[PDB]
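The file final-v4.tsv contains TSV, C-alpha atoms:
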chain	number	residue	atom	x	y	z
A	1	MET	CA	5.82	40.02	-9.95
A	2	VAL	CA	8.21	38.19	-12.29
A	3	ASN	CA	9.03	40.33	-15.33
A	4	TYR	CA	7.90	38.00	-18.15
A	5	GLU	CA	8.74	38.80	-21.77
A	6	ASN	CA	5.96	38.34	-24.33
A	7	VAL	CA	7.49	36.25	-27.12
A	8	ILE	CA	6.59	34.08	-30.11
A	9	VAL	CA	8.48	30.78	-30.52
A	10	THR	CA	9.70	30.59	-34.12
A	11	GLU	CA	12.05	27.57	-34.19
A	12	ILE	CA	12.59	24.43	-32.10
A	13	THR	CA	15.71	22.25	-32.37
A	14	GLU	CA	16.26	18.53	-31.69
A	15	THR	CA	17.81	19.21	-28.25
A	16	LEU	CA	14.85	21.30	-27.01
A	17	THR	CA	16.54	24.63	-27.51
A	18	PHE	CA	14.24	27.18	-29.16
A	19	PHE	CA	14.33	30.55	-30.88
A	20	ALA	CA	11.94	33.29	-29.80
A	21	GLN	CA	11.00	36.70	-31.22
A	22	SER	CA	9.95	39.61	-29.01
A	23	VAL	CA	6.29	40.55	-29.66
A	24	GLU	CA	7.02	44.31	-29.47
A	25	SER	CA	9.74	43.95	-32.13
A	26	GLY	CA	7.27	42.44	-34.64
A	27	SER	CA	6.79	45.68	-36.59
A	28	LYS	CA	10.56	46.25	-36.70
A	29	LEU	CA	11.21	42.93	-38.48
A	30	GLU	CA	8.16	43.35	-40.74
A	31	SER	CA	9.56	46.70	-41.95
A	32	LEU	CA	13.09	45.31	-42.45
A	33	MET	CA	11.84	42.32	-44.49
A	34	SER	CA	9.76	44.62	-46.71
A	35	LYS	CA	12.71	46.95	-47.40
A	36	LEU	CA	15.05	44.01	-48.05
A	37	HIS	CA	12.58	42.44	-50.50
A	38	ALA	CA	12.25	45.74	-52.41
A	39	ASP	CA	16.02	46.37	-52.37
A	40	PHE	CA	16.85	42.94	-53.83
A	41	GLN	CA	14.04	43.15	-56.40
A	42	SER	CA	15.21	46.59	-57.57
A	43	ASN	CA	18.87	45.51	-57.64
A	44	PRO	CA	19.11	41.69	-57.78
A	45	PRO	CA	22.63	40.40	-57.04
A	46	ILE	CA	24.81	38.45	-59.50
A	47	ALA	CA	24.85	34.73	-58.62
A	48	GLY	CA	28.32	33.31	-57.93
A	49	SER	CA	30.06	36.68	-57.47
A	50	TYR	CA	30.14	36.32	-53.67
A	51	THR	CA	31.89	33.73	-51.51
A	52	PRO	CA	31.82	34.03	-47.70
A	53	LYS	CA	34.24	33.58	-44.82
A	54	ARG	CA	32.97	31.78	-41.72
A	55	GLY	CA	31.18	34.37	-39.58
A	56	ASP	CA	30.08	36.72	-42.37
A	57	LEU	CA	26.68	38.41	-42.08
A	58	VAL	CA	24.97	38.00	-45.46
A	59	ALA	CA	21.77	38.08	-47.45
A	60	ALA	CA	20.69	34.52	-48.22
A	61	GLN	CA	18.03	33.39	-50.69
A	62	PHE	CA	16.04	30.76	-48.76
A	63	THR	CA	15.58	27.58	-50.84
A	64	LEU	CA	11.94	27.26	-49.73
A	65	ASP	CA	10.46	30.53	-51.04
A	66	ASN	CA	13.31	32.14	-53.05
A	67	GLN	CA	13.10	35.23	-50.82
A	68	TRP	CA	16.10	37.03	-49.30
A	69	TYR	CA	16.74	36.90	-45.52
A	70	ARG	CA	19.46	38.11	-43.11
A	71	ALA	CA	21.84	35.23	-42.37
A	72	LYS	CA	25.03	34.37	-40.51
A	73	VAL	CA	27.55	32.11	-42.24
A	74	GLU	CA	28.49	29.44	-39.70
A	75	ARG	CA	30.57	27.12	-41.93
A	76	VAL	CA	31.86	27.31	-45.51
A	77	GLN	CA	32.83	24.16	-47.42
A	78	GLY	CA	33.77	24.65	-51.08
A	79	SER	CA	30.73	25.60	-53.18
A	80	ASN	CA	28.31	25.47	-50.22
A	81	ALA	CA	27.77	27.17	-46.85
A	82	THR	CA	25.83	26.47	-43.67
A	83	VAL	CA	23.83	29.54	-42.63
A	84	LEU	CA	21.61	30.56	-39.71
A	85	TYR	CA	18.57	32.72	-40.50
A	86	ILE	CA	19.14	35.17	-37.64
A	87	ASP	CA	15.64	36.66	-37.48
A	88	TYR	CA	13.86	33.27	-37.31
A	89	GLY	CA	16.23	30.57	-36.04
A	90	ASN	CA	16.27	27.93	-38.77
A	91	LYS	CA	19.50	26.77	-40.44
A	92	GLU	CA	20.29	25.25	-43.84
A	93	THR	CA	23.18	24.18	-46.06
A	94	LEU	CA	23.12	26.14	-49.29
A	95	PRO	CA	25.17	26.86	-52.43
A	96	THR	CA	27.24	30.05	-51.99
A	97	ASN	CA	25.82	31.41	-55.27
A	98	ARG	CA	22.62	32.04	-53.27
A	99	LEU	CA	24.53	34.34	-50.91
A	100	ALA	CA	25.15	38.06	-51.38
A	101	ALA	CA	26.73	40.89	-49.41
A	102	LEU	CA	24.19	42.35	-47.00
A	103	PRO	CA	23.97	46.14	-47.46
A	104	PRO	CA	25.32	47.94	-44.34
A	105	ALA	CA	21.82	49.45	-43.89
A	106	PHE	CA	20.44	46.02	-42.89
A	107	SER	CA	23.44	44.91	-40.80
A	108	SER	CA	23.18	47.14	-37.71
A	109	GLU	CA	19.92	45.86	-36.18
A	110	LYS	CA	20.48	43.00	-33.74
A	111	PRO	CA	19.07	39.55	-34.61
A	112	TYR	CA	15.27	39.46	-34.15
A	113	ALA	CA	15.37	35.88	-32.83
A	114	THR	CA	17.22	34.65	-29.72
A	115	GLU	CA	18.10	31.06	-28.80
A	116	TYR	CA	17.28	29.65	-25.34
A	117	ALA	CA	17.53	26.29	-23.60
A	118	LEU	CA	14.23	25.00	-22.19
A	119	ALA	CA	14.98	25.16	-18.46
A	120	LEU	CA	15.73	21.93	-16.57
A	121	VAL	CA	14.40	19.57	-19.28
A	122	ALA	CA	16.33	16.49	-20.45
A	123	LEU	CA	15.23	14.38	-23.43
A	124	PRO	CA	14.31	10.72	-22.71
A	125	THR	CA	16.60	7.73	-23.44
A	126	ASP	CA	14.52	6.11	-26.22
A	127	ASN	CA	14.67	7.53	-29.77
A	128	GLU	CA	10.90	7.33	-30.35
A	129	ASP	CA	10.26	8.93	-26.95
A	130	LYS	CA	12.60	11.74	-28.07
A	131	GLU	CA	10.49	12.39	-31.20
A	132	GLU	CA	7.23	12.50	-29.23
A	133	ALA	CA	8.73	14.99	-26.76
A	134	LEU	CA	9.71	17.32	-29.62
A	135	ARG	CA	6.31	16.86	-31.30
A	136	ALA	CA	4.48	17.63	-28.03
A	137	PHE	CA	6.52	20.77	-27.29
A	138	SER	CA	6.12	22.13	-30.83
A	139	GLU	CA	2.34	21.65	-30.64
A	140	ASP	CA	2.40	23.57	-27.34
A	141	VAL	CA	4.43	26.64	-28.34
A	142	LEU	CA	5.47	26.85	-32.03
A	143	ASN	CA	4.14	30.11	-33.56
A	144	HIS	CA	2.35	30.93	-30.30
A	145	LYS	CA	2.50	33.98	-28.04
A	146	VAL	CA	3.93	32.82	-24.69
A	147	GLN	CA	5.54	34.38	-21.61
A	148	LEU	CA	9.31	33.83	-21.32
A	149	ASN	CA	11.43	34.08	-18.17
A	150	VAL	CA	15.22	33.77	-18.20
A	151	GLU	CA	16.14	31.48	-15.28
A	152	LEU	CA	19.93	31.37	-15.67
A	153	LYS	CA	22.46	33.19	-17.83
A	154	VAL	CA	25.02	30.83	-19.36
A	155	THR	CA	28.31	32.14	-20.75
A	156	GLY	CA	28.90	31.16	-24.39
A	157	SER	CA	25.65	29.25	-24.96
A	158	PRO	CA	21.83	29.77	-24.87
A	159	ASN	CA	20.43	30.98	-21.53
A	160	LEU	CA	18.00	28.80	-19.54
A	161	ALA	CA	14.38	29.94	-19.93
A	162	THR	CA	10.90	28.85	-18.90
A	163	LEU	CA	7.86	29.31	-21.14
A	164	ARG	CA	4.38	30.01	-19.78
A	165	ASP	CA	0.87	30.17	-21.25
A	166	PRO	CA	-0.41	33.76	-20.83
A	167	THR	CA	-3.93	32.60	-19.92
A	168	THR	CA	-3.54	29.49	-17.73
A	169	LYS	CA	-0.02	30.30	-16.47
A	170	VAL	CA	1.02	26.67	-17.09
A	171	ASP	CA	4.79	26.16	-17.33
A	172	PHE	CA	5.15	24.28	-20.65
A	173	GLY	CA	8.48	22.57	-19.84
A	174	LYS	CA	7.18	21.35	-16.48
A	175	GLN	CA	4.01	20.04	-18.15
A	176	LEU	CA	6.24	17.91	-20.42
A	177	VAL	CA	7.78	16.47	-17.22
A	178	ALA	CA	4.37	15.90	-15.54
A	179	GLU	CA	3.13	14.12	-18.70
A	180	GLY	CA	6.15	11.78	-18.52
A	181	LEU	CA	7.57	12.84	-21.89
A	182	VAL	CA	10.91	14.23	-20.67
A	183	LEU	CA	13.26	13.96	-17.69
A	184	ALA	CA	13.77	16.62	-15.01
A	185	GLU	CA	17.32	17.95	-14.72
A	186	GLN	CA	19.09	18.04	-11.36
A	187	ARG	CA	21.59	20.90	-10.93
A	188	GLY	CA	23.11	22.87	-8.05
A	189	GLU	CA	22.52	26.62	-8.56
A	190	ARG	CA	20.81	27.69	-5.31
A	191	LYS	CA	18.66	30.25	-7.19
A	192	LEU	CA	17.32	27.28	-9.20
A	193	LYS	CA	16.59	25.06	-6.16
A	194	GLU	CA	12.83	25.73	-5.93
A	195	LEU	CA	12.35	25.08	-9.67
A	196	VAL	CA	14.63	21.99	-9.56
A	197	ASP	CA	12.61	20.54	-6.64
A	198	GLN	CA	9.29	21.31	-8.35
A	199	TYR	CA	10.35	19.62	-11.63
A	200	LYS	CA	11.61	16.61	-9.61
A	201	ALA	CA	8.20	16.25	-7.93
A	202	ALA	CA	6.47	16.45	-11.34
A	203	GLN	CA	8.73	13.65	-12.64
A	204	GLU	CA	7.85	11.61	-9.55
A	205	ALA	CA	4.11	12.12	-10.11
A	206	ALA	CA	4.44	10.92	-13.72
A	207	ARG	CA	6.39	7.91	-12.43
A	208	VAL	CA	3.71	6.98	-9.86
A	209	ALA	CA	1.01	7.45	-12.53
A	210	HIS	CA	2.99	5.25	-14.99
A	211	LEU	CA	2.81	7.89	-17.74
A	212	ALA	CA	4.49	7.55	-21.14
A	213	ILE	CA	8.21	6.79	-20.58
A	214	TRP	CA	7.34	5.52	-17.08
A	215	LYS	CA	4.83	2.95	-18.41
A	216	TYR	CA	6.81	-0.15	-17.33
A	217	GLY	CA	8.51	1.15	-14.14

How would this structure read if it were set down as C-alpha coordinates?
Amino acid sequence: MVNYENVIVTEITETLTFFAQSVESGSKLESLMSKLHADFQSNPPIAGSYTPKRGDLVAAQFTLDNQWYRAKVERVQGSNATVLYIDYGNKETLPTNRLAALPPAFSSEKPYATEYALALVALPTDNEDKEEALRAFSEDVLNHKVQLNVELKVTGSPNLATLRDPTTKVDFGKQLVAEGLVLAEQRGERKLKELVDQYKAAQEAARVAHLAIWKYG
(Lines of atoms letter the chains of each structure in order from A and count residues from 1; the text may use other names and numbers.)
(Lines give C-alpha, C1' and ligand atoms only; values in the text may rest on other atoms or scores of the structure.)
Protein backbone atom coordinates (compact mmCIF):
# COMPACT_ATOMS: atom_id res chain seq x y z
CA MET A 1 0.00 0.00 0.00
CA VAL A 2 3.08 2.20 -0.45
CA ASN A 3 2.32 5.15 -2.75
CA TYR A 4 4.97 4.60 -5.46
CA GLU A 5 5.61 7.27 -8.10
CA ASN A 6 5.99 6.08 -11.69
CA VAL A 7 9.20 7.71 -12.96
CA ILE A 8 11.82 7.50 -15.70
CA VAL A 9 15.48 7.81 -14.65
CA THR A 10 17.13 10.36 -16.97
CA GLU A 11 20.57 10.99 -15.42
CA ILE A 12 22.93 9.15 -13.05
CA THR A 13 25.89 10.83 -11.34
CA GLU A 14 29.21 9.41 -10.08
CA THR A 15 27.99 9.31 -6.44
CA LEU A 16 24.85 7.28 -7.26
CA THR A 17 22.48 10.21 -7.10
CA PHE A 18 20.02 10.22 -10.00
CA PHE A 19 17.52 12.48 -11.74
CA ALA A 20 14.01 11.23 -12.44
CA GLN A 21 11.09 12.55 -14.49
CA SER A 22 7.46 11.91 -13.54
CA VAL A 23 5.74 9.72 -16.18
CA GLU A 24 2.49 11.75 -16.02
CA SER A 25 4.44 14.98 -16.71
CA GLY A 26 5.85 13.57 -19.98
CA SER A 27 3.38 15.43 -22.20
CA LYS A 28 4.00 18.69 -20.29
CA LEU A 29 7.74 18.65 -21.07
CA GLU A 30 7.16 17.47 -24.66
CA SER A 31 4.92 20.51 -25.26
CA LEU A 32 7.37 22.95 -23.60
CA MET A 33 10.33 21.68 -25.66
CA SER A 34 8.33 22.02 -28.88
CA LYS A 35 7.29 25.61 -28.09
CA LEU A 36 10.85 26.54 -27.03
CA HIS A 37 12.30 25.09 -30.26
CA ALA A 38 9.81 27.07 -32.37
CA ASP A 39 10.33 30.28 -30.34
CA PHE A 40 14.12 30.19 -30.75
CA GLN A 41 13.90 29.26 -34.44
CA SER A 42 11.49 32.14 -35.13
CA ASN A 43 13.56 34.60 -33.08
CA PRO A 44 17.14 33.28 -32.66
CA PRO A 45 19.10 35.17 -29.98
CA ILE A 46 22.27 37.21 -30.63
CA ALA A 47 25.37 35.30 -29.48
CA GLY A 48 27.46 37.13 -26.86
CA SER A 49 24.79 39.66 -25.88
CA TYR A 50 23.96 37.81 -22.65
CA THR A 51 26.16 37.12 -19.62
CA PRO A 52 24.69 35.42 -16.52
CA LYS A 53 24.92 35.80 -12.76
CA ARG A 54 25.22 32.63 -10.69
CA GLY A 55 21.68 31.30 -10.16
CA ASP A 56 20.09 32.70 -13.34
CA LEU A 57 17.48 30.59 -15.13
CA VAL A 58 18.40 30.64 -18.83
CA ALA A 59 17.99 29.09 -22.24
CA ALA A 60 21.14 27.13 -23.09
CA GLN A 61 22.14 25.73 -26.48
CA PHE A 62 23.35 22.18 -25.68
CA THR A 63 26.73 21.48 -27.32
CA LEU A 64 25.61 17.97 -28.36
CA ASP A 65 22.62 18.77 -30.60
CA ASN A 66 22.62 22.60 -30.88
CA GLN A 67 19.07 22.67 -29.47
CA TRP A 68 17.85 25.07 -26.76
CA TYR A 69 17.00 23.77 -23.26
CA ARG A 70 15.96 25.28 -19.90
CA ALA A 71 19.03 25.62 -17.68
CA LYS A 72 20.17 26.90 -14.29
CA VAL A 73 23.48 28.75 -14.13
CA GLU A 74 25.40 27.22 -11.21
CA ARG A 75 28.79 28.92 -11.68
CA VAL A 76 30.10 31.67 -13.97
CA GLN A 77 33.83 32.02 -14.69
CA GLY A 78 34.79 34.66 -17.28
CA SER A 79 33.68 33.63 -20.78
CA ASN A 80 32.18 30.32 -19.63
CA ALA A 81 29.44 29.03 -17.31
CA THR A 82 28.53 25.74 -15.64
CA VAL A 83 24.84 24.95 -16.21
CA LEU A 84 22.37 22.28 -15.10
CA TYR A 85 19.76 21.15 -17.64
CA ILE A 86 16.83 21.28 -15.22
CA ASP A 87 14.41 19.08 -17.16
CA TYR A 88 16.91 16.20 -17.62
CA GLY A 89 19.65 16.36 -14.99
CA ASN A 90 22.90 16.58 -16.96
CA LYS A 91 25.40 19.40 -16.46
CA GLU A 92 28.06 20.97 -18.68
CA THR A 93 30.56 23.83 -18.83
CA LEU A 94 29.76 26.09 -21.76
CA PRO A 95 30.68 29.45 -23.33
CA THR A 96 28.27 32.18 -22.17
CA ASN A 97 27.63 33.15 -25.82
CA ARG A 98 25.50 29.96 -25.97
CA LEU A 99 23.26 31.32 -23.21
CA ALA A 100 20.22 33.56 -23.66
CA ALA A 101 17.51 35.06 -21.46
CA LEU A 102 14.70 32.54 -20.99
CA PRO A 103 11.35 34.14 -21.90
CA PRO A 104 9.16 34.50 -18.76
CA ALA A 105 6.62 32.17 -20.45
CA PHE A 106 9.02 29.20 -20.02
CA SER A 107 10.26 30.13 -16.53
CA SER A 108 7.21 29.41 -14.34
CA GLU A 109 6.94 25.63 -14.71
CA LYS A 110 8.94 23.75 -12.07
CA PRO A 111 11.91 21.63 -13.20
CA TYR A 112 10.75 18.40 -14.89
CA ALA A 113 13.60 16.39 -13.35
CA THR A 114 14.30 15.89 -9.63
CA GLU A 115 17.52 14.67 -8.00
CA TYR A 116 17.49 11.85 -5.43
CA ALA A 117 20.07 9.86 -3.49
CA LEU A 118 19.84 6.08 -3.98
CA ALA A 119 18.75 5.01 -0.50
CA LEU A 120 21.33 3.39 1.83
CA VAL A 121 23.90 2.63 -0.89
CA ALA A 122 27.61 3.41 -0.49
CA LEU A 123 30.12 3.07 -3.34
CA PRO A 124 32.94 0.50 -2.86
CA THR A 125 36.54 1.41 -1.89
CA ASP A 126 38.26 0.40 -5.17
CA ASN A 127 38.12 2.74 -8.19
CA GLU A 128 37.37 -0.03 -10.71
CA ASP A 129 34.68 -1.45 -8.40
CA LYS A 130 33.17 2.07 -8.36
CA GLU A 131 32.93 2.13 -12.18
CA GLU A 132 31.27 -1.30 -12.33
CA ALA A 133 28.69 -0.24 -9.72
CA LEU A 134 27.75 2.82 -11.81
CA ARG A 135 27.69 0.74 -15.02
CA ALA A 136 25.45 -1.90 -13.38
CA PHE A 137 22.97 0.65 -11.99
CA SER A 138 22.72 2.54 -15.29
CA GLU A 139 21.99 -0.71 -17.15
CA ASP A 140 19.25 -1.40 -14.58
CA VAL A 141 17.38 1.92 -14.63
CA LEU A 142 18.62 4.53 -17.14
CA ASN A 143 15.76 5.54 -19.48
CA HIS A 144 13.48 2.96 -17.84
CA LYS A 145 10.07 3.29 -16.21
CA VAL A 146 10.51 2.39 -12.52
CA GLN A 147 8.62 2.87 -9.25
CA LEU A 148 10.13 5.46 -6.89
CA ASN A 149 9.56 5.76 -3.14
CA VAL A 150 10.96 8.63 -1.06
CA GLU A 151 12.40 7.05 2.11
CA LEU A 152 13.73 10.16 3.87
CA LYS A 153 13.49 13.89 3.27
CA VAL A 154 16.85 15.64 3.64
CA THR A 155 17.06 19.40 4.15
CA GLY A 156 19.24 21.15 1.55
CA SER A 157 20.19 18.08 -0.50
CA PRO A 158 18.57 15.26 -2.57
CA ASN A 159 16.03 13.11 -0.68
CA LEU A 160 16.68 9.38 -0.13
CA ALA A 161 14.71 7.19 -2.55
CA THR A 162 14.36 3.53 -3.48
CA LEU A 163 13.74 2.37 -7.05
CA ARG A 164 11.67 -0.69 -7.89
CA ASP A 165 10.95 -2.71 -11.05
CA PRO A 166 7.20 -2.42 -11.78
CA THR A 167 6.93 -6.09 -12.83
CA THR A 168 9.19 -8.08 -10.47
CA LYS A 169 9.09 -5.57 -7.58
CA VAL A 170 12.88 -5.96 -7.15
CA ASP A 171 14.52 -3.10 -5.23
CA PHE A 172 17.35 -2.05 -7.59
CA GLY A 173 19.62 -0.52 -4.92
CA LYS A 174 19.31 -3.60 -2.70
CA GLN A 175 20.08 -5.85 -5.69
CA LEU A 176 23.36 -3.93 -6.12
CA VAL A 177 24.13 -4.80 -2.48
CA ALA A 178 23.13 -8.48 -2.89
CA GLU A 179 25.35 -8.72 -5.99
CA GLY A 180 28.30 -7.41 -3.94
CA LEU A 181 28.79 -4.30 -6.08
CA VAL A 182 28.14 -1.67 -3.39
CA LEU A 183 28.15 -1.31 0.40
CA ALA A 184 25.07 -1.06 2.62
CA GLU A 185 24.82 2.14 4.66
CA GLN A 186 24.22 2.01 8.41
CA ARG A 187 22.23 4.95 9.83
CA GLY A 188 20.00 5.62 12.84
CA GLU A 189 16.59 6.93 11.70
CA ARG A 190 14.12 4.54 13.35
CA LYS A 191 11.76 4.78 10.34
CA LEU A 192 14.67 3.43 8.25
CA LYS A 193 15.52 0.53 10.62
CA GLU A 194 13.75 -2.25 8.68
CA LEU A 195 15.35 -1.16 5.39
CA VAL A 196 18.78 -0.70 7.04
CA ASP A 197 18.60 -4.23 8.52
CA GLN A 198 17.46 -5.73 5.20
CA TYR A 199 20.31 -4.07 3.24
CA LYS A 200 22.78 -5.26 5.92
CA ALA A 201 21.59 -8.86 5.49
CA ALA A 202 21.95 -8.55 1.70
CA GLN A 203 25.55 -7.33 2.15
CA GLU A 204 26.18 -10.30 4.45
CA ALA A 205 24.80 -12.76 1.89
CA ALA A 206 27.09 -11.32 -0.80
CA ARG A 207 30.00 -11.63 1.65
CA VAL A 208 29.26 -15.31 2.43
CA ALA A 209 28.87 -16.00 -1.32
CA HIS A 210 32.20 -14.21 -2.05
CA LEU A 211 30.60 -11.99 -4.71
CA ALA A 212 32.45 -9.23 -6.58
CA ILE A 213 34.05 -6.89 -4.01
CA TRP A 214 33.87 -9.72 -1.44
CA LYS A 215 35.87 -12.13 -3.64
CA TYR A 216 38.92 -12.35 -1.34
CA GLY A 217 37.26 -11.96 2.10

Using only C-alpha atoms, which protein or nucleic acid residues come within 10 Å of residue A:120? Drop anything in the same chain fewer than 2 positions from it, and give the result as a PDB file with C-alpha atoms, in the coordinates of the input.
ATOM      1  CA  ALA A 117      17.530  26.290 -23.600  1.00  0.00           C
ATOM      2  CA  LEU A 118      14.230  25.000 -22.190  1.00  0.00           C
ATOM      3  CA  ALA A 122      16.330  16.490 -20.450  1.00  0.00           C
ATOM      4  CA  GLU A 151      16.140  31.480 -15.280  1.00  0.00           C
ATOM      5  CA  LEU A 160      18.000  28.800 -19.540  1.00  0.00           C
ATOM      6  CA  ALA A 161      14.380  29.940 -19.930  1.00  0.00           C
ATOM      7  CA  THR A 162      10.900  28.850 -18.900  1.00  0.00           C
ATOM      8  CA  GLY A 173       8.480  22.570 -19.840  1.00  0.00           C
ATOM      9  CA  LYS A 174       7.180  21.350 -16.480  1.00  0.00           C
ATOM     10  CA  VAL A 177       7.780  16.470 -17.220  1.00  0.00           C
ATOM     11  CA  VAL A 182      10.910  14.230 -20.670  1.00  0.00           C
ATOM     12  CA  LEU A 183      13.260  13.960 -17.690  1.00  0.00           C
ATOM     13  CA  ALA A 184      13.770  16.620 -15.010  1.00  0.00           C
ATOM     14  CA  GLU A 185      17.320  17.950 -14.720  1.00  0.00           C
ATOM     15  CA  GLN A 186      19.090  18.040 -11.360  1.00  0.00           C
ATOM     16  CA  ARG A 187      21.590  20.900 -10.930  1.00  0.00           C
ATOM     17  CA  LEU A 192      17.320  27.280  -9.200  1.00  0.00           C
ATOM     18  CA  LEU A 195      12.350  25.080  -9.670  1.00  0.00           C
ATOM     19  CA  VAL A 196      14.630  21.990  -9.560  1.00  0.00           C
ATOM     20  CA  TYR A 199      10.350  19.620 -11.630  1.00  0.00           C
ATOM     21  CA  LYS A 200      11.610  16.610  -9.610  1.00  0.00           C
TER      22      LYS A 200
END

request  = Rank A:209, A:131, A:140, A:88 by their smallest atom-to-atom distance to residue A:29, using only C-alpha atoms, and report the top residue only.
outcome  = A:88

Each residue of stretch 97-166 of chain A with at least one atom at most 10 Å from stretch 4-26 of chain A should appear once, together with its nearest atom pair and the corresponding distance in Å (one decimal); atoms considered: all atoms listed in the file; ordering: chain, then increasing residue number; output as JSON lines.
{"residue": "A:111", "atom": "CA", "partner": "A:21", "partner_atom": "CA", "distance": 9.2}
{"residue": "A:112", "atom": "CA", "partner": "A:21", "partner_atom": "CA", "distance": 5.9}
{"residue": "A:113", "atom": "CA", "partner": "A:21", "partner_atom": "CA", "distance": 4.7}
{"residue": "A:114", "atom": "CA", "partner": "A:19", "partner_atom": "CA", "distance": 5.1}
{"residue": "A:115", "atom": "CA", "partner": "A:19", "partner_atom": "CA", "distance": 4.3}
{"residue": "A:116", "atom": "CA", "partner": "A:18", "partner_atom": "CA", "distance": 5.5}
{"residue": "A:117", "atom": "CA", "partner": "A:17", "partner_atom": "CA", "distance": 4.4}
{"residue": "A:118", "atom": "CA", "partner": "A:17", "partner_atom": "CA", "distance": 5.8}
{"residue": "A:119", "atom": "CA", "partner": "A:17", "partner_atom": "CA", "distance": 9.2}
{"residue": "A:121", "atom": "CA", "partner": "A:16", "partner_atom": "CA", "distance": 7.9}
{"residue": "A:122", "atom": "CA", "partner": "A:16", "partner_atom": "CA", "distance": 8.3}
{"residue": "A:123", "atom": "CA", "partner": "A:15", "partner_atom": "CA", "distance": 7.3}
{"residue": "A:130", "atom": "CA", "partner": "A:14", "partner_atom": "CA", "distance": 8.5}
{"residue": "A:131", "atom": "CA", "partner": "A:14", "partner_atom": "CA", "distance": 8.4}
{"residue": "A:133", "atom": "CA", "partner": "A:16", "partner_atom": "CA", "distance": 8.8}
{"residue": "A:134", "atom": "CA", "partner": "A:14", "partner_atom": "CA", "distance": 7.0}
{"residue": "A:135", "atom": "CA", "partner": "A:12", "partner_atom": "CA", "distance": 9.9}
{"residue": "A:137", "atom": "CA", "partner": "A:16", "partner_atom": "CA", "distance": 8.4}
{"residue": "A:138", "atom": "CA", "partner": "A:12", "partner_atom": "CA", "distance": 7.0}
{"residue": "A:140", "atom": "CA", "partner": "A:9", "partner_atom": "CA", "distance": 10.0}
{"residue": "A:141", "atom": "CA", "partner": "A:9", "partner_atom": "CA", "distance": 6.2}
{"residue": "A:142", "atom": "CA", "partner": "A:9", "partner_atom": "CA", "distance": 5.2}
{"residue": "A:143", "atom": "CA", "partner": "A:9", "partner_atom": "CA", "distance": 5.3}
{"residue": "A:144", "atom": "CA", "partner": "A:8", "partner_atom": "CA", "distance": 5.3}
{"residue": "A:145", "atom": "CA", "partner": "A:8", "partner_atom": "CA", "distance": 4.6}
{"residue": "A:146", "atom": "CA", "partner": "A:7", "partner_atom": "CA", "distance": 5.5}
{"residue": "A:147", "atom": "CA", "partner": "A:6", "partner_atom": "CA", "distance": 4.8}
{"residue": "A:148", "atom": "CA", "partner": "A:5", "partner_atom": "CA", "distance": 5.0}
{"residue": "A:149", "atom": "CA", "partner": "A:4", "partner_atom": "CA", "distance": 5.3}
{"residue": "A:150", "atom": "CA", "partner": "A:4", "partner_atom": "CA", "distance": 8.5}
{"residue": "A:158", "atom": "CA", "partner": "A:17", "partner_atom": "CA", "distance": 7.8}
{"residue": "A:159", "atom": "CA", "partner": "A:17", "partner_atom": "CA", "distance": 9.6}
{"residue": "A:160", "atom": "CA", "partner": "A:17", "partner_atom": "CA", "distance": 9.1}
{"residue": "A:161", "atom": "CA", "partner": "A:17", "partner_atom": "CA", "distance": 9.5}
{"residue": "A:162", "atom": "CA", "partner": "A:4", "partner_atom": "CA", "distance": 9.7}
{"residue": "A:163", "atom": "CA", "partner": "A:7", "partner_atom": "CA", "distance": 9.2}
{"residue": "A:164", "atom": "CA", "partner": "A:4", "partner_atom": "CA", "distance": 8.9}
{"residue": "A:166", "atom": "CA", "partner": "A:6", "partner_atom": "CA", "distance": 8.6}

request  = Fewer than 3 positions away in the same chain doesn't count, so skip those; otherwise give me all residues within 10 Å of residue A:56, counting all atoms listed in the file, as a VMD selection string.
outcome  = chain A and resid 51 to 53 59 71 to 75 83 101 to 102

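The nearest approach to residue A:205 among the residues A:100, A:178, A:105, A:94, with all atoms listed in the file taken into account, belongs to A:178.
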
request  = May I ask for the distance between atom CA of residue A:172 and atom CA of residue A:30, given in Å to one decimal place?
outcome  =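 That distance, rounded to one decimal, is 27.9 Å.
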
query = Once you count only C-alpha atoms, which residues end up no further than 6 Å from (16.1, 39.3, -39.9) in the file's frame, shown as a list in words?
reply = residues 70, 86, 87 and 112 of chain A

key: Pick from A:212, A:95, A:62, A:124, whichever lies nearest to residue A:77 using only C-alpha atoms   = A:95

message = So the first atom is atom CA of residue A:208 and the second is atom CA of residue A:126; what is the distance between them in Å, to one decimal place?
response =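 Separation of atom CA of residue A:208 and atom CA of residue A:126: 19.6 Å.
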
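Interatomic distance, atom CA of residue A:165 against atom CA of residue A:84: 27.8 Å.
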
What box, with edges along x, y and z, holds each listed atom of stretch 58-69 of chain A when 4 Å is added on every side, and can you state its centre and edge lengths in Å to one decimal, as lines of an AutoDock Vina configuration file?
center_x = 17.7
center_y = 32.7
center_z = -49.3
size_x = 22.5
size_y = 18.8
size_z = 15.6

query = Between A:40, A:106, A:50, A:216, which has the minimum distance to residue A:66 (counting all atoms listed in the file)?
reply = A:40

key: Minimum-distance residue to residue A:32, chosen among A:108, A:93, A:175, A:82 (using only C-alpha atoms)   =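 Using only C-alpha atoms, the shortest distance to residue A:32 belongs to A:108.
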
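Using only C-alpha atoms for every distance, the candidate list A:63, A:109, A:34, A:179 yields A:63 as the residue closest to residue A:91.
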